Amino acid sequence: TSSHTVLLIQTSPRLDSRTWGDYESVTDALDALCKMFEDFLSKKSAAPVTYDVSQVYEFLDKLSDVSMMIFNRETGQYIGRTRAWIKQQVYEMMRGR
């Protein structure tokens, strides 16, 4: 039930900030985005040891662009997902963890 996922990211308004990685499953791609926030949160000095989903949302809003292309086993093609869908999936994953 794992589907190849391409994660597209543009970190800054600059076009040369467009980078990408691919993952074995959508869950892996969502986990990678959470790890990115945790790395970013680590750099903050003097902060609470707990973080809320709202902060994860704020980190994703800092990205100029974030989207996913998820392989659909039925069609053989990739379904595109944008930031709002990604936020919801991250919320569901965190609430279940």
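Start at 1 with the first residue shown and count on from there.
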### Message
Mean Cα B factor from the PDB record: higher for 4-12, or higher for 88-96?
### Response
88-96
### Task
Check the PDB entry and point out which of 66, 33, 53, 69 has the largest C-alpha temperature factor.
53
### Query
residue 60: which third of its chain by C-alpha temperature factor?
middle
### Task
Quick one: classify residue 26 as lowest, middle or highest third of the chain based on its Cα B-factor.
middle
### Chain thirds of CA B-factor: placement of residue 82
lowest
### Message
Test of reading the entry: by CA B factor among the chain's modelled residues, which third contains residue 75?
### Response
highest
